[PDB]
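S.K.: Attaching a single structure in structure tokens format; questions to follow.
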Amino acid sequence: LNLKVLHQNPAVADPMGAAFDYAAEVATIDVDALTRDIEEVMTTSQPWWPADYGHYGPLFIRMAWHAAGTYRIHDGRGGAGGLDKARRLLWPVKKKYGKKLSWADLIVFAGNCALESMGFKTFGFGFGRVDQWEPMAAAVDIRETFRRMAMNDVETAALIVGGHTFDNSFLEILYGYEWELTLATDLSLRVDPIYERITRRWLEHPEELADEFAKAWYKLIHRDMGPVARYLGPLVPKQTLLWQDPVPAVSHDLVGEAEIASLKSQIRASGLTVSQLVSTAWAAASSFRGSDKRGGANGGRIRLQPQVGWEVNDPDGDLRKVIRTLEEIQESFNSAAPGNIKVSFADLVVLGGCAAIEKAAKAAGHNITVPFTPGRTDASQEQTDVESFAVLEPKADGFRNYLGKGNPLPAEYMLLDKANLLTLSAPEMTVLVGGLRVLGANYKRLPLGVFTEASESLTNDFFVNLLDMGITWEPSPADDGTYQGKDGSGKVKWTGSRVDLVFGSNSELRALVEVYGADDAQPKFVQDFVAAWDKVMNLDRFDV
Amino acid sequence: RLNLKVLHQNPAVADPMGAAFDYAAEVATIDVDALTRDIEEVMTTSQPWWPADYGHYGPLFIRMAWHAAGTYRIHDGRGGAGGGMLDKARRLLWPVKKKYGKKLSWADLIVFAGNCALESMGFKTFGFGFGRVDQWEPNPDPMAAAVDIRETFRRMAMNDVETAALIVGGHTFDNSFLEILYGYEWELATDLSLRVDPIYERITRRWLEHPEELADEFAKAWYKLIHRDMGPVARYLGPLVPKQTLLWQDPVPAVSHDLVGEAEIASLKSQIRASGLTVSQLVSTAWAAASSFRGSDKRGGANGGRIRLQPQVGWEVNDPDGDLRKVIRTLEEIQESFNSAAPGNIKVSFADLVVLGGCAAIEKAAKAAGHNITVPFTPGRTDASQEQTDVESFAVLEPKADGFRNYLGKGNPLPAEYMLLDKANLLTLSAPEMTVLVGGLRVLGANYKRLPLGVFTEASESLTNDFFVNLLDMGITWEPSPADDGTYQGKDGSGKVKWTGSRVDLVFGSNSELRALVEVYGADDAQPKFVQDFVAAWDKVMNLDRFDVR
């Protein structure tokens, strides 16, 4: 277990300070002048890297395709936001800006501006990628290496008849001046029956090739930038594309105080317990990825087919029994509302969680208020893509004590990895795990890691009964990968799992439960849990 | 290549206590008249998971306070009581840590359990001082063992009268171990060296007849053993600390003269720059006085004013061939002239004019570049006389290789670009601060013997960012020097040699993270950011051993 994976890119290694927000800088650069500079960095030879073709044009394209073409789909890492000695031709145009133009944006925009310089009208560009501080056989091969990037066979036979022309130029030679049967790993586009059926219509109708490479290039660029609220700069198009998982714009007045209070009192006052709401408000926000920032709470998609039908969000009678009630509350507050105000369901799926915690914490030792920032919208069914969310499904979720079949790594490295995707830190991991276990959020309400005694109460009893050494941890009586805490008198008292006992058997993490497991550190744990919960609920709020 | 992760060890992100946490305002409210009455109960209480030898966890606490504070390697300063972690038996102390959890770090609890175990057996020790903050996580021939224990107690810097009093120490808890060794002349495996080895048998044989100078010797040895990795005596919190000066702490006299106000600092830094001394001398002297710090041991630093004393003014890196003799002479004269004709009762010490000279040097340098920047300076340093320096113990502070001044000694275990990383880690610096310090020192002029190895500017004695601008420019080409002396040189496009780099800055120009952290400062219209960051880093470095003496 290497906890260094959690605190990657600290503010200590950031030379720009903690007061430097990228979104407030990149909106001040005139892209009508930057594009008149990258148009001069090329067509200007250098001694150390000669070109002598009149352009560093077909080299900037191969520096965006070879940099934003390493986007793995199964875990989302790599890609844009994440040649090496050749990105110094661009120094004579980054030094004029410095902090206002990160290296990733500069590389990719140089690629796009080259593509626009060679006589092509690209679909559009959006800035915002903040930079961190750290032979049919060949046909099936290129098909598979373009499937780890999630591009269908019409957007991978248009990239290859694309960035190899630098549009009826690559074609009209490929089975044009037909070969003598003796090129490269290409030429697959004429022999493979899958590609040959599409990359032959374009030979006589190029009009549907230009505006297919155009929108297959504005997918290799803005693939891992997230929802369309980070596309800064004035170049972004005014059009919605399906692969961004769009959400409708706010067309209704939001809710202020004296209305949030009414909603989070009504949620308490109708049926739903404390271990139901915190299981729905977490399921709808445990499908986020810090890299390739897609998913998250927003959209209100936990009511929709690709995500209400997963296994972790157990639909056996739990999830569909709470979506019906929240939907019922939504219609009652949407009629005779206190004004011209309506509430999107993507709030009650989270505003339920805050009222659930405020019902538990107020019942354990003391009352609090959980921050909740409205401004979420519900996306209809036609706007989702049930094929691209099969990769968001967590094969193993460590917070809800889920362990599905087909696990590469052991049961705790997956918890560590997931807590990295949510961009969490070790104290936040520990406090959030404790809160989820004590509150009650385990998959199918297993009494595993339920070290408290009274359910539905936000105590720190998970961190107190784990450390008490009077109990003994013997896997032997059990059968599967679960433990069992025999009391000092021999009677079984608790139960555990590989995800819970790791907090009391790893000296790097056992030092992070003694902070919350003390005697006078009850209020600190509650405040830290509410802070972590608020941070997790607000992982997909880029408008604010 | 390099491992930049060592620089940002223990970030505030992994700290569950928040950035508003100081472990100097809480551990002072610990009622150590009640914590001892709790450790004294955890001892005499058996447990099922760990039975107690004779029903007393007395000895086990001592040999757990030794196996924790007995790994203080001195050749690099790391290790010791202050951080790094019988953890299977450390949980026996949970029923005490849980009552506080916040006011009592684990290191303090372990070492205090050891001390109170000693005090519970009928032995009054010297004293205890809290304050070890918690970094969270990252046959028996004389030649057989009597030399091994001598050498493994020499990496800890304990003489042979405080290592034959620790081994007649944690074998009794004031003498019955000795009544046995010399009560029988029979012939107790790695010990009994004290009966055969002529060096040890010279002193131990004497403690038989006078078994009272062993008690105080063991008291001093134990106090030194557990309070060696806490630095100067102003971190010793808690009421238990004794009021007595010990020579191995490198003590500094208390402030007996009222300090300087803002009306006098202006006059002083309007005099240092107004008498002879250039900008390349004052910066070198201030850096040399404040580059002898060890953040893993907290001993050294600017305070004490020891750069005028024998073990410091005679090193090789602080080259005394005209540098550290024409400077100390002038600063001392300014000190005496401002002291005699003082405005009032104010009287400045000398450990200021070494540093206040540096801040005036930077204020004079970053004023011909164009800016106007005032450097923070917090007075309160005192000068330590000659009789309190222990020249035998500063030979370990000797920088075998200082990367900020292009010093390169002999017998370096690692290449020249790792010694710089180790030095920057010892000073508790971060990567941007290390980079900006390197750039500022090269441009200002601080290199050992004023070698133009790294001076990439053309108008030196001026705080520009020209080190970060001429390094990134790729019109020049880097090639090893034909003389093959571990250097480099940069030809222009024509052929004439323009610069002369070294192995300590071309790593900045050829790594992958350092290149980004240089492009941050090497841009255009990013000079004010560089000047602000350099002044901040300089102020942080000057105030390393000033924060924890105040």
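To be explicit about the labels: the chains of the structure tokens are called A, B, and onward in the order shown, and within each one the residues are counted from 1, while ligands get numbers from 1 in the order they are shown.
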Find the residues of chain A in contact range of chain B, meaning any atom within 6 Å when counting only C-alpha atoms, and list them as a ChimeraX atom specification.
M.R.: /A:13,15,95-96,98,426-427,508,518-519
S.K.: Give me the residues near residue A:199 as JSON, numbers by chain, where near means some atom within 10 Å (using only C-alpha atoms) and where sequence neighbours in that chain fewer than 2 positions away do not count.
M.R.: {"A": [154, 157, 158, 161, 171, 174, 189, 190, 194, 195, 196, 197, 201, 202, 203, 209]}
S.K.: Could you give me, as a PyMOL selection string, each residue of stretch 411-499 of chain B that DSSP assigns to alpha helix (DSSP H) when run on this structure's backbone?
M.R.: chain B and resi 416-426+431-444+466-472
S.K.: I want to know what sits within 9 Å of residue B:310, based on only C-alpha atoms, with residues of the same chain fewer than 3 positions away left out; could you give that as a tab-separated table (two decimals) with C-alpha atoms, in the first residue's frame?
M.R.:
chain	number	residue	atom	x	y	z
B	306	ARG	CA	29.11	31.19	15.09
B	307	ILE	CA	30.48	32.03	11.63
B	313	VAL	CA	35.14	30.26	9.96
B	314	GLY	CA	37.80	27.67	9.11
B	315	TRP	CA	35.89	25.28	6.84
B	386	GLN	CA	33.96	30.51	21.77
B	389	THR	CA	30.90	25.67	20.29
B	391	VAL	CA	34.58	22.05	17.70
S.K.: With only C-alpha atoms as the atoms that count, which of A:99, A:72, A:143, A:535 lies nearest to residue A:373?
M.R.: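 Under the stated criterion, the closest residue is A:535.
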S.K.: When you count only C-alpha atoms, which of these residues is closest to residue A:137: A:513, A:191, A:110, A:419?
M.R.: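 Smallest distance to residue A:137 is found for A:191.
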S.K.: Mind pulling up the distance from atom CA of residue B:544 to atom CA of residue B:224?
M.R.: 22.8 Å
S.K.: One decimal, Å: what's the distance from atom CA of residue A:42 over to atom CA of residue A:57, could you say?
M.R.: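 Atom-to-atom, atom CA of residue A:42 to atom CA of residue A:57, that is 6.6 Å.
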S.K.: Suppose you want the space between atom CA of residue B:26 and atom CA of residue B:103; what is it in Å?
M.R.: 5.3 Å
S.K.: Leaving out residue A:385 and any residue of its chain fewer than 2 positions from it, which residues lie within 10 Å of it when counting only C-alpha atoms, given as a ChimeraX atom specification?
M.R.: /A:242-245,305-306,381-383,387-390
S.K.: Could you write out the selected residues, including N, CA and C atoms, as a PDB file, in the first residue's frame?
M.R.:
ATOM      1  N   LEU A 242     -23.282  14.308 -28.289  1.00  0.00           N
ATOM      2  CA  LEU A 242     -23.820  13.282 -27.403  1.00  0.00           C
ATOM      3  C   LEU A 242     -22.746  12.682 -26.504  1.00  0.00           C
ATOM      4  N   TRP A 243     -21.508  12.576 -26.984  1.00  0.00           N
ATOM      5  CA  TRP A 243     -20.484  11.909 -26.190  1.00  0.00           C
ATOM      6  C   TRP A 243     -20.035  12.723 -24.984  1.00  0.00           C
ATOM      7  N   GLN A 244     -20.442  13.989 -24.873  1.00  0.00           N
ATOM      8  CA  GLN A 244     -20.131  14.767 -23.681  1.00  0.00           C
ATOM      9  C   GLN A 244     -21.073  14.472 -22.527  1.00  0.00           C
ATOM     10  N   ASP A 245     -22.111  13.663 -22.752  1.00  0.00           N
ATOM     11  CA  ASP A 245     -23.179  13.432 -21.788  1.00  0.00           C
ATOM     12  C   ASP A 245     -23.747  14.777 -21.356  1.00  0.00           C
ATOM     13  N   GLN A 305     -31.612   4.349 -17.362  1.00  0.00           N
ATOM     14  CA  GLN A 305     -31.364   2.921 -17.554  1.00  0.00           C
ATOM     15  C   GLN A 305     -29.921   2.488 -17.324  1.00  0.00           C
ATOM     16  N   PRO A 306     -28.895   3.159 -17.861  1.00  0.00           N
ATOM     17  CA  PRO A 306     -27.537   2.600 -17.752  1.00  0.00           C
ATOM     18  C   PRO A 306     -27.009   2.528 -16.335  1.00  0.00           C
ATOM     19  N   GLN A 381     -33.683  10.708 -20.935  1.00  0.00           N
ATOM     20  CA  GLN A 381     -33.172   9.392 -21.307  1.00  0.00           C
ATOM     21  C   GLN A 381     -32.459   9.430 -22.653  1.00  0.00           C
ATOM     22  N   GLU A 382     -32.982  10.198 -23.610  1.00  0.00           N
ATOM     23  CA  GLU A 382     -32.402  10.213 -24.947  1.00  0.00           C
ATOM     24  C   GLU A 382     -31.004  10.816 -24.978  1.00  0.00           C
ATOM     25  N   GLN A 383     -30.625  11.586 -23.961  1.00  0.00           N
ATOM     26  CA  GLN A 383     -29.324  12.237 -23.948  1.00  0.00           C
ATOM     27  C   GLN A 383     -28.226  11.383 -23.328  1.00  0.00           C
ATOM     28  N   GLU A 387     -23.953   2.786 -23.772  1.00  0.00           N
ATOM     29  CA  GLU A 387     -22.767   2.052 -24.183  1.00  0.00           C
ATOM     30  C   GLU A 387     -21.490   2.631 -23.594  1.00  0.00           C
ATOM     31  N   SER A 388     -21.467   3.931 -23.304  1.00  0.00           N
ATOM     32  CA  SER A 388     -20.286   4.562 -22.734  1.00  0.00           C
ATOM     33  C   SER A 388     -20.313   4.632 -21.214  1.00  0.00           C
ATOM     34  N   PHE A 389     -21.423   4.265 -20.574  1.00  0.00           N
ATOM     35  CA  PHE A 389     -21.456   4.149 -19.122  1.00  0.00           C
ATOM     36  C   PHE A 389     -21.184   2.742 -18.619  1.00  0.00           C
ATOM     37  N   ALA A 390     -21.056   1.758 -19.507  1.00  0.00           N
ATOM     38  CA  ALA A 390     -20.637   0.440 -19.056  1.00  0.00           C
ATOM     39  C   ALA A 390     -19.233   0.467 -18.472  1.00  0.00           C
TER      40      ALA A 390
END
S.K.: Got a sec: who's within 9 Å of stretch 180-188 of chain B, counting only C-alpha atoms, leaving out chain neighbours fewer than 5 positions off, as a list in words?
M.R.: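 Skipping anything fewer than 5 positions along the chain leaves residues 193, 194, 195, 205 and 208 of chain B.
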S.K.: Which of these residues is nearest to residue A:315, using only C-alpha atoms: A:444, A:296, A:135, A:18?
M.R.: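 Among the listed residues, the smallest separation from residue A:315 belongs to A:444.
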S.K.: Write out as a ChimeraX atom specification which residues come within 9 Å of residue A:529 when counting only C-alpha atoms, dropping same-chain ones fewer than 2 positions away.
M.R.: /A:428,431-432,434-435,524-527,531-534
S.K.: Which residues are near residue B:207? Cut-off 9 Å, only C-alpha atoms, ignore same chain within fewer than 5 positions. Put them as a count of residues only.
M.R.: 5
